[PDB]
């Protein structure tokens, strides 16, 4: 199995406050499950080659997704911003697979990624444990 444990940091009240509105798990590698403990989120997966997505909404209405997973035994991540309401995590997660438009990002196997949304919100994913089967990352808003 692989697990990825996320801690969510929110830095700047002027950007609003984000909460989870959806959580998906892709079906490869025997799937996987999200769980919560002590204010953290863990994605547990059946092997290498799958992922999951958290979609967040701020109290100012902004919608963004965070994807994390393992590709060929190495962690990967992505963040998509500026989402329309119909672009649910259920739409986004499969776009990393089957030659979809985000597959290239998975294939980069990034240990960190940074993006600012068009409305001005910074998002970062930073793995703090970057090797092995029990991975850890901080997700930082603002």
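Residue numbers count along the first chain shown, from 1.
Averaged over Cα atoms, the B-factor as recorded in the entry is higher for 114-122 than for the other of 114-122 and 18-26.
Higher average CA B factor: 96-104, of the stretches 96-104 and 52-60. The deposited CA B-factor of residue 84 belongs to the highest third of values across its chain. Placement of the Cα temperature factor of residue 109 within the chain: middle third of the modelled residues, per the deposited record. When the modelled residues of the chain are ordered by their C-alpha B factor, residue 69 lands in the lowest third.
Looking at the C-alpha B-factors along this chain, the one for residue 32 belongs to the lowest third.
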